[PDB]
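> Provided herewith: protein.txt, compact mmCIF, C-alpha atoms.
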```
# COMPACT_ATOMS: atom_id res chain seq x y z
CA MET A 1 123.16 64.74 102.93
CA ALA A 2 120.42 63.11 100.83
CA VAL A 3 119.64 59.43 100.21
CA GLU A 4 116.11 58.04 99.69
CA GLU A 5 114.22 58.63 102.98
CA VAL A 6 116.60 59.86 105.71
CA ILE A 7 114.61 59.74 108.95
CA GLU A 8 115.90 62.65 111.02
CA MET A 9 114.32 62.32 114.47
CA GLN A 10 115.73 64.11 117.55
CA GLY A 11 118.91 64.77 115.51
CA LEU A 12 119.27 60.99 115.10
CA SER A 13 119.60 60.73 111.31
CA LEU A 14 118.70 57.17 110.28
CA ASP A 15 119.47 55.97 106.73
CA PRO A 16 117.52 52.79 105.82
CA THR A 17 119.52 52.60 102.58
CA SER A 18 123.03 52.20 104.04
CA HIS A 19 121.74 50.94 107.43
CA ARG A 20 123.59 53.88 109.00
CA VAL A 21 122.78 56.12 111.98
CA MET A 22 124.29 59.54 112.74
CA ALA A 23 123.63 61.34 116.05
CA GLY A 24 123.67 64.78 114.45
CA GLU A 25 127.07 63.96 112.92
CA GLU A 26 128.72 61.27 115.08
CA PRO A 27 128.36 57.91 113.24
CA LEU A 28 126.84 55.11 115.35
CA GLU A 29 127.50 51.55 114.15
CA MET A 30 125.67 48.47 115.49
CA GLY A 31 124.13 45.12 114.45
CA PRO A 32 121.39 44.85 111.80
CA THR A 33 118.89 43.74 114.46
CA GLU A 34 119.69 46.84 116.55
CA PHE A 35 119.23 48.97 113.43
CA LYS A 36 115.86 47.30 112.77
CA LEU A 37 114.66 48.01 116.35
CA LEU A 38 115.60 51.69 115.91
CA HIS A 39 114.09 51.93 112.41
CA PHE A 40 110.87 50.27 113.61
CA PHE A 41 110.83 52.56 116.67
CA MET A 42 111.22 55.60 114.38
CA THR A 43 108.36 54.53 112.07
CA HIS A 44 106.27 53.97 115.24
CA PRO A 45 107.15 56.71 117.79
CA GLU A 46 105.53 56.89 121.26
CA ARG A 47 104.05 53.39 121.15
CA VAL A 48 104.52 50.60 123.69
CA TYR A 49 105.88 47.46 122.00
CA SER A 50 106.23 44.08 123.70
CA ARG A 51 109.04 41.60 123.06
CA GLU A 52 106.57 39.48 121.07
CA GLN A 53 105.77 42.44 118.79
CA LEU A 54 109.41 43.29 118.14
CA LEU A 55 110.14 39.58 117.50
CA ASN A 56 107.16 39.44 115.07
CA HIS A 57 108.48 42.57 113.30
CA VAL A 58 112.25 43.06 113.50
CA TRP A 59 113.15 39.36 113.84
CA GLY A 60 110.05 38.49 111.76
CA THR A 61 109.91 35.21 113.75
CA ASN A 62 112.72 33.99 111.45
CA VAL A 63 114.06 31.95 114.38
CA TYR A 64 112.40 30.92 117.65
CA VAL A 65 114.70 33.03 119.84
CA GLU A 66 114.09 33.60 123.56
CA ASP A 67 112.36 36.75 124.85
CA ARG A 68 115.70 37.51 126.54
CA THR A 69 117.28 37.92 123.08
CA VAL A 70 115.14 41.05 122.62
CA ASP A 71 116.61 42.60 125.78
CA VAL A 72 120.10 41.66 124.52
CA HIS A 73 119.72 43.52 121.20
CA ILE A 74 117.85 46.35 122.97
CA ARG A 75 120.82 46.69 125.34
CA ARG A 76 123.16 46.82 122.31
CA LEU A 77 120.99 49.51 120.66
CA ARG A 78 120.83 51.56 123.88
CA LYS A 79 124.60 51.19 124.39
CA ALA A 80 125.11 52.35 120.78
CA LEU A 81 123.06 55.45 121.72
CA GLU A 82 124.93 55.83 125.06
CA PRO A 83 127.62 58.23 123.64
CA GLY A 84 124.94 60.60 122.30
CA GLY A 85 122.89 59.91 125.47
CA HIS A 86 119.96 59.12 123.14
CA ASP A 87 119.56 55.70 124.82
CA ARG A 88 116.97 57.37 127.11
CA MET A 89 114.61 57.60 124.10
CA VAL A 90 114.48 53.79 124.00
CA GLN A 91 112.59 53.31 127.27
CA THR A 92 112.83 49.85 128.83
CA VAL A 93 109.36 49.23 130.30
CA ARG A 94 110.58 46.62 132.80
CA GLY A 95 110.28 43.12 131.27
CA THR A 96 106.93 44.06 129.69
CA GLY A 97 108.03 45.99 126.60
CA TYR A 98 109.79 49.08 125.25
CA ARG A 99 108.97 52.47 123.69
CA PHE A 100 110.60 55.23 121.60
CA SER A 101 109.94 58.43 123.58
CA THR A 102 111.44 61.22 121.49
CA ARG A 103 109.56 64.19 122.97
CA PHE A 104 106.05 64.41 121.48
```
Please re-express this file's structure in structure tokens.

Amino acid sequence: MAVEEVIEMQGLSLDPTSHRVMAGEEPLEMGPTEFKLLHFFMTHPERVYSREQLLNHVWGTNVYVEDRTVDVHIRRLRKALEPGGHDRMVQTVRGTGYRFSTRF
């Protein structure tokens, strides 16, 4: 278990190299966008992020997608964390923004 910078947060081992996530051991596959959200959330824990911010970071405003699209990918990410029950970490602050609440 060693590859570049493996971000092990709350047992959620994220591998930016292979775009892979392991909840302690259980592999969790999902879309690249979902992976980006999680990776960005990990590099910026306990910080409220609006749809606009995520779009300007993860999506990098590559395409003029709707704000709703953020909720769609966020739902995918959360659902991907549903088995491990880690979805709770990705807090959905209504339709205002989101946040990665590990524990602090």
> Compare A:82, A:91, A:16, A:3 by their minimum atom-to-atom distance to residue 49 in chain A, counting only C-alpha atoms, and give me the closest one.
A:91
> Which residues are near residue 19 in chain A? Cut-off 9 Å, all atoms listed in the file, ignore same chain within fewer than 2 positions. Put them as an NGL selection string.
:A and (14-17 or 21 or 29 or 32 or 35-36)
> Using all atoms listed in the file, which protein or nucleic acid residues come within 9 Å of residue 41 in chain A? Drop anything in the same chain fewer than 5 positions from it, and give the result as a ChimeraX atom specification.
/A:36,46-47,49,90,99-100
> Suppose we keep C-alpha atoms; can you now write the selection as a JSON list (two decimals), in the frame of the given file?

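Below is the file again.json, written as the result:
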```
[["chain", "number", "residue", "atom", "x", "y", "z"],
["A", 36, "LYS", "CA", 115.86, 47.30, 112.77],
["A", 46, "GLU", "CA", 105.53, 56.89, 121.26],
["A", 47, "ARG", "CA", 104.05, 53.39, 121.15],
["A", 49, "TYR", "CA", 105.88, 47.46, 122.00],
["A", 90, "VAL", "CA", 114.48, 53.79, 124.00],
["A", 99, "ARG", "CA", 108.97, 52.47, 123.69],
["A", 100, "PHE", "CA", 110.60, 55.23, 121.60]]
```
> List as number ranges by chain the protein and nucleic acid residues near residue 86 in chain A, meaning an atom at most 12 Å away when all atoms listed in the file are counted, but skip any in the same chain fewer than 5 places from it.
A: 9-13, 21-24, 28, 38, 77-81, 91, 100-103
> Could you check which of A:65, A:55, A:72, A:6 is closest to residue 43 in chain A, using only C-alpha atoms?
A:6
> Rank A:8, A:74, A:45, A:66 by their smallest atom-to-atom distance to residue 33 in chain A, using only C-alpha atoms, and report the top residue only.
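Once distances to residue 33 in chain A are computed over only C-alpha atoms, the minimum belongs to A:74.
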> Kindly give the distance, in Å, that separates CA of residue 25 in chain A and CA of residue 83 in chain A, rounded to a single decimal.
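These atoms are spaced 12.2 Å apart.
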> Which of these, A:73, A:87, A:97, A:37, has the shortest distance to residue 51 in chain A once you count only C-alpha atoms?
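Using only C-alpha atoms, the shortest distance to residue 51 in chain A belongs to A:97.
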> Nearest to residue 75 in chain A among A:39, A:31, A:5, A:53, with distances taken over all atoms listed in the file: which residue is it?
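Closest candidate: A:31.
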> I'd like the interatomic distance between CA of residue 63 in chain A and CA of residue 88 in chain A, to a tenth of an Å.
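One can read the CA of residue 63 in chain A to CA of residue 88 in chain A distance as 28.6 Å.
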> Calculated over all atoms listed in the file, which of the candidates A:42, A:34, A:52, A:70 has the smallest distance to residue 92 in chain A?
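Smallest distance to residue 92 in chain A is found for A:70.
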> Take CA of residue 84 in chain A and CA of residue 2 in chain A and report the distance between them in Å, one decimal.
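Between CA of residue 84 in chain A and CA of residue 2 in chain A the gap works out to 22.1 Å.
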> Enclose the full set of atoms of range 52-65 of chain A listed in the file within a box whose edges lie along x, y and z, apply 8 Å of padding to each of the six sides, and report centre and edge lengths in Å to one decimal as AutoDock Vina command-line options.

```
--center_x 110.2 --center_y 37.1 --center_z 116.3 --size_x 24.9 --size_y 28.4 --size_z 25.6
```
> For range 20-51 of chain A, where the input has fewer atoms than it should, I would like N, CA and C atoms rebuilt and written as a PDB file, in the frame of the given file.

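Contents of out_20.pdb, freshly written:
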```pdb
ATOM      1  N   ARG A  20     122.666  53.010 108.286  1.00  0.00           N
ATOM      2  CA  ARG A  20     123.590  53.880 109.000  1.00  0.00           C
ATOM      3  C   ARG A  20     122.809  54.840 109.886  1.00  0.00           C
ATOM      4  N   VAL A  21     123.391  55.192 111.039  1.00  0.00           N
ATOM      5  CA  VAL A  21     122.780  56.120 111.980  1.00  0.00           C
ATOM      6  C   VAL A  21     123.806  57.166 112.377  1.00  0.00           C
ATOM      7  N   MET A  22     123.401  58.442 112.381  1.00  0.00           N
ATOM      8  CA  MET A  22     124.290  59.540 112.740  1.00  0.00           C
ATOM      9  C   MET A  22     123.604  60.425 113.779  1.00  0.00           C
ATOM     10  N   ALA A  23     124.173  60.494 114.990  1.00  0.00           N
ATOM     11  CA  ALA A  23     123.630  61.340 116.050  1.00  0.00           C
ATOM     12  C   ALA A  23     124.057  62.773 115.781  1.00  0.00           C
ATOM     13  N   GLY A  24     123.364  63.423 114.846  1.00  0.00           N
ATOM     14  CA  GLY A  24     123.670  64.780 114.450  1.00  0.00           C
ATOM     15  C   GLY A  24     124.810  64.767 113.434  1.00  0.00           C
ATOM     16  N   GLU A  25     125.905  64.083 113.785  1.00  0.00           N
ATOM     17  CA  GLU A  25     127.070  63.960 112.920  1.00  0.00           C
ATOM     18  C   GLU A  25     127.853  62.699 113.289  1.00  0.00           C
ATOM     19  N   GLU A  26     127.975  62.420 114.596  1.00  0.00           N
ATOM     20  CA  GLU A  26     128.720  61.270 115.080  1.00  0.00           C
ATOM     21  C   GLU A  26     128.095  59.965 114.556  1.00  0.00           C
ATOM     22  N   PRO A  27     128.852  59.166 113.766  1.00  0.00           N
ATOM     23  CA  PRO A  27     128.360  57.910 113.240  1.00  0.00           C
ATOM     24  C   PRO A  27     128.216  56.886 114.361  1.00  0.00           C
ATOM     25  N   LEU A  28     127.113  56.125 114.343  1.00  0.00           N
ATOM     26  CA  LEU A  28     126.840  55.110 115.350  1.00  0.00           C
ATOM     27  C   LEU A  28     126.598  53.767 114.671  1.00  0.00           C
ATOM     28  N   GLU A  29     127.585  52.869 114.760  1.00  0.00           N
ATOM     29  CA  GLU A  29     127.500  51.550 114.150  1.00  0.00           C
ATOM     30  C   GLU A  29     126.957  50.537 115.158  1.00  0.00           C
ATOM     31  N   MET A  30     126.246  49.519 114.656  1.00  0.00           N
ATOM     32  CA  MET A  30     125.670  48.470 115.490  1.00  0.00           C
ATOM     33  C   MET A  30     125.164  47.337 114.595  1.00  0.00           C
ATOM     34  N   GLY A  31     124.614  46.276 115.202  1.00  0.00           N
ATOM     35  CA  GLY A  31     124.130  45.120 114.450  1.00  0.00           C
ATOM     36  C   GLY A  31     122.883  45.478 113.642  1.00  0.00           C
ATOM     37  N   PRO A  32     122.548  44.640 112.640  1.00  0.00           N
ATOM     38  CA  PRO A  32     121.390  44.850 111.800  1.00  0.00           C
ATOM     39  C   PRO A  32     120.109  44.807 112.629  1.00  0.00           C
ATOM     40  N   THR A  33     120.043  43.880 113.592  1.00  0.00           N
ATOM     41  CA  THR A  33     118.890  43.740 114.460  1.00  0.00           C
ATOM     42  C   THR A  33     118.678  45.035 115.254  1.00  0.00           C
ATOM     43  N   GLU A  34     119.767  45.599 115.795  1.00  0.00           N
ATOM     44  CA  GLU A  34     119.690  46.840 116.550  1.00  0.00           C
ATOM     45  C   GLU A  34     119.180  47.952 115.637  1.00  0.00           C
ATOM     46  N   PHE A  35     119.665  47.981 114.391  1.00  0.00           N
ATOM     47  CA  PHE A  35     119.230  48.970 113.430  1.00  0.00           C
ATOM     48  C   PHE A  35     117.732  48.813 113.167  1.00  0.00           C
ATOM     49  N   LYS A  36     117.268  47.565 113.022  1.00  0.00           N
ATOM     50  CA  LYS A  36     115.860  47.300 112.770  1.00  0.00           C
ATOM     51  C   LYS A  36     115.012  47.831 113.924  1.00  0.00           C
ATOM     52  N   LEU A  37     115.364  47.492 115.179  1.00  0.00           N
ATOM     53  CA  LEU A  37     114.660  48.010 116.350  1.00  0.00           C
ATOM     54  C   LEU A  37     114.497  49.524 116.225  1.00  0.00           C
ATOM     55  N   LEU A  38     115.609  50.236 115.992  1.00  0.00           N
ATOM     56  CA  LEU A  38     115.600  51.690 115.910  1.00  0.00           C
ATOM     57  C   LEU A  38     114.705  52.160 114.760  1.00  0.00           C
ATOM     58  N   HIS A  39     114.870  51.566 113.578  1.00  0.00           N
ATOM     59  CA  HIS A  39     114.090  51.930 112.410  1.00  0.00           C
ATOM     60  C   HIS A  39     112.598  51.742 112.701  1.00  0.00           C
ATOM     61  N   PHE A  40     112.246  50.586 113.271  1.00  0.00           N
ATOM     62  CA  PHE A  40     110.870  50.270 113.610  1.00  0.00           C
ATOM     63  C   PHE A  40     110.357  51.276 114.648  1.00  0.00           C
ATOM     64  N   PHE A  41     111.195  51.606 115.633  1.00  0.00           N
ATOM     65  CA  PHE A  41     110.830  52.560 116.670  1.00  0.00           C
ATOM     66  C   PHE A  41     110.569  53.933 116.048  1.00  0.00           C
ATOM     67  N   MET A  42     111.366  54.311 115.039  1.00  0.00           N
ATOM     68  CA  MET A  42     111.220  55.600 114.380  1.00  0.00           C
ATOM     69  C   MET A  42     109.915  55.655 113.584  1.00  0.00           C
ATOM     70  N   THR A  43     109.584  54.576 112.863  1.00  0.00           N
ATOM     71  CA  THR A  43     108.360  54.530 112.070  1.00  0.00           C
ATOM     72  C   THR A  43     107.134  54.414 112.988  1.00  0.00           C
ATOM     73  N   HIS A  44     107.356  54.120 114.279  1.00  0.00           N
ATOM     74  CA  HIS A  44     106.270  53.970 115.240  1.00  0.00           C
ATOM     75  C   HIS A  44     106.678  54.625 116.571  1.00  0.00           C
ATOM     76  N   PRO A  45     106.744  55.974 116.609  1.00  0.00           N
ATOM     77  CA  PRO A  45     107.150  56.710 117.790  1.00  0.00           C
ATOM     78  C   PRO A  45     106.055  56.685 118.851  1.00  0.00           C
ATOM     79  N   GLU A  46     106.455  56.862 120.123  1.00  0.00           N
ATOM     80  CA  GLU A  46     105.530  56.890 121.260  1.00  0.00           C
ATOM     81  C   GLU A  46     104.481  55.784 121.135  1.00  0.00           C
ATOM     82  N   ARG A  47     104.935  54.533 121.208  1.00  0.00           N
ATOM     83  CA  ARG A  47     104.050  53.390 121.150  1.00  0.00           C
ATOM     84  C   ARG A  47     104.704  52.229 121.894  1.00  0.00           C
ATOM     85  N   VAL A  48     104.004  51.693 122.898  1.00  0.00           N
ATOM     86  CA  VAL A  48     104.520  50.600 123.690  1.00  0.00           C
ATOM     87  C   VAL A  48     104.546  49.327 122.846  1.00  0.00           C
ATOM     88  N   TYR A  49     105.714  48.678 122.770  1.00  0.00           N
ATOM     89  CA  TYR A  49     105.880  47.460 122.000  1.00  0.00           C
ATOM     90  C   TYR A  49     106.447  46.366 122.894  1.00  0.00           C
ATOM     91  N   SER A  50     105.795  45.205 122.901  1.00  0.00           N
ATOM     92  CA  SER A  50     106.230  44.080 123.700  1.00  0.00           C
ATOM     93  C   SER A  50     107.325  43.321 122.958  1.00  0.00           C
ATOM     94  N   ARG A  51     108.005  42.416 123.663  1.00  0.00           N
ATOM     95  CA  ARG A  51     109.040  41.600 123.060  1.00  0.00           C
ATOM     96  C   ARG A  51     108.447  40.840 121.878  1.00  0.00           C
TER      97      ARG A  51
END
```
